[PDB]
Structures are given as C-alpha cells and as structure tokens.
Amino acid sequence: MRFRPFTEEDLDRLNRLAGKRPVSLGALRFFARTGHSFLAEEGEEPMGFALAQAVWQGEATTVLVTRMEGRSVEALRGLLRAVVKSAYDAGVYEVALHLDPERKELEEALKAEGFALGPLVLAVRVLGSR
C-alpha cells in the first residue's frame, strides 16, 4: 500500500474507484492543486482516494474532505493519515468530513485515526444547476 498525490494521468484510476459518482477532469485538476488530496494504491491497483481543500472559517482553517473512497479499512486509514499530516504541516486547525453512517469501513477508519463522530448532522438544501 502506498499513498501519493494524483495527477491528470490518474483520472481512470480515480474513476475505477468512484462507482456511480464519477470524477470529472476539472474536479481532478482542482483537487490535485490543494496539497490535501491523495490516492492510495496496492502495487498497481488503485485502492482509494481523498479529495480535500482548505476552507477559512474566520479564525482558523478547516481542511474539508469533499470525498473519500476506499476498498479497505487500511486504504481509508492511510488516506486519513495523509490528509491529516498535510493539514498538520500547514498549521491547519482541524480536518472535517461527512460520514454516511452506513459506511462501516470508513466509520472504523475515522475512529482508528482519532476523529470525533457527530453529534452535528449535515443539513442540505439542493437548488440545482443552471
């Protein structure tokens, strides 16, 4: 298992991991530039990815993970660790992401990597695209 930044040449790798929610090249390019996004692979096989960016919240920075995918707890843990280290080296105050409670592997990985789960819940109103 290894963890590294991804580039445009990794589009197919990320999309092999993305299920029915593809990653566009535009999204790949944005996230490759943040310094907080990574890909996991076991040998040549893609095993996970994390898309994240720094968000100023007025007094401090949160690194917000938009998306994480992973085929094993090990992959997810290592991605969490890479995101956390990129946040820590940059003096970022916290790392946040949204957990779907049915994703049991991610729940296990978050806990193992020292994340507090809840009690805040995501409230969303979808307006749609032009």
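Counting begins at 1, following the sequence as shown.
K.L.:
Tell me which stretch, 23 to 31 or 77 to 85, has the higher mean Cα B-factor listed in the entry.
P.N.:
Stretch with the higher mean C-alpha B-factor: 23 to 31.
K.L.:
Choose from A60, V95, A52, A40 the residue with the greatest Cα B-factor as stated in the PDB record.
P.N.:
Largest recorded C-alpha B-factor: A60.
K.L.:
Quick one: classify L64 as lowest, middle or highest third of the chain based on its Cα B-factor.
P.N.:
As the PDB entry reports it, the C-alpha B-factor of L64 lands in the lowest third of its chain.
K.L.:
Sorting the chain's modelled residues by C-alpha B-factor, tell me whether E9 ends up in the lowest, middle or highest third.
P.N.:
Ranked within chain, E9 CA B lands in the highest tercile.
K.L.:
By the record's CA B-factor, is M47 among the lowest, middle or highest third of residues in the chain?
P.N.:
It belongs to the middle third of the chain when residues are ordered by C-alpha B-factor.
K.L.:
Is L122 in the lowest, middle or highest third of its chain when residues are ranked by C-alpha B-factor?
P.N.:
It falls in the top third of the chain.
K.L.:
Could you tell me which third, lowest, middle or highest, the C-alpha B-factor of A109 occupies within its chain?
P.N.:
For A109, whose C-alpha B-factor we compare with every modelled residue in the chain, the answer is the middle third.
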